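Take a look at this single chain in structure tokens; it is the form deposited without the named molecule.
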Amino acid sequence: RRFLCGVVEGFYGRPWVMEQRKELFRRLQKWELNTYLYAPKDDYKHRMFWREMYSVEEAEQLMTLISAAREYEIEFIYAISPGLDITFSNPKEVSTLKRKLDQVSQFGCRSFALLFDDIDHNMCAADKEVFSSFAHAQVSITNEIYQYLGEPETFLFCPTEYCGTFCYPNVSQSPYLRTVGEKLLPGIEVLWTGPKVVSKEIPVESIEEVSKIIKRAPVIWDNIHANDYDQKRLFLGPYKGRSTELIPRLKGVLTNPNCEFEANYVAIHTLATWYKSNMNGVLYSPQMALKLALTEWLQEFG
């Protein structure tokens, strides 16, 4: 069974450096985790300036980074966020998108993700004509790139309505998700942050609710340990509020942790413990997982 469990670097702030990312891979390997989602918000070329191309300096780095992902048996996913200034209709746009992903495929990356997180809900007049609803514009360009890349095994999609609070009128009645669930190809996976952006709890019932509308089990983008929104608070708590009952009902869990890389041990270690506790569809105690992780972490301090 294919469950994507790992870390997402998708925070606002100073991004992680080569050797940190390398260390993260060593860790994820040792803890039997398997994925890594490359979405650092600093990266202009992943978000703001998506149309732009990586330099030779940049190219060599990403190659070296992807080479370490393979080296440590970690799946590397390259995310791209174009929904800021993209003209969905115009084919030069769609052409440049393909050119970028081509360059990324040259680096040794096969798995991708198209993020439409935190972007303006209203379309420009050019796109407005061509597409029925904002969802139709996103789903069109997604399916296009997915098939263009030879329908890859790992292809994620981040909806604009990526959590429960953001749903208009609510999850079950959202015509946006209804559109995606009906029109997005089944080979593509959908990202979900749960009832909220930083969900305290992710109830099983809530995951059945959203699964029915997206017509698939989602991949959880988990913001539980995220601290970009309050860099005056650190989270050394155990992964908590997610039932092991969720595992057979999900395609994966990618944790968006604290900005401070070293402060993420307990988050990832406890995610691994949570995952391994019910790998196959009370098994997990946050309090116990914490002691487990701190006992292991203690060695690093010497």
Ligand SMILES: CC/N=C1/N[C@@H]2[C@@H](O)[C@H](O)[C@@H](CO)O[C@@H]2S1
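The first residue of the sequence shown is number 1, and the count goes up from there.
We do not show the form deposited with the named molecule bound, though everything after this point is about it.
- Within 2.4 Å of any backbone or C-beta atom of the shown chain, none of the atoms of the named molecule lands once it is superimposed from its position in the entry with it bound; the pocket counts as open.
- Heavy atoms within 4.5 Å of the named molecule in the entry with it bound map, among the stretches 173-181, 134-142, 207-215, 221-229, onto 221-229 alone.
- At a distance of at most 4.5 angstroms from the named molecule in the entry with it bound, all three residues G10, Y162 and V197 contribute at least one non-hydrogen atom.
- Residue contact with the named molecule in the entry with it bound: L156 places no heavy atom within 4.5 Å of it.
- The closest non-hydrogen atom of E73 lies beyond 4.5 Å of the named molecule in the entry with it bound.
- At a distance threshold of 4.5 angstroms between non-hydrogen atoms, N256 is in contact with the named molecule in the entry with it bound.
- In the entry with it bound, the named molecule sits beyond 4.5 Å of every heavy atom of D85.
- Though the named molecule is absent from this view, in the entry with it bound it lies within 4.5 Å of a heavy atom of just one residue from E189, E93, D117, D127, which is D117.
- The partner is absent here, but in the entry with it bound a heavy atom of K41, alone among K41, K240, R249, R26, sits within 4.5 Å of the named molecule.
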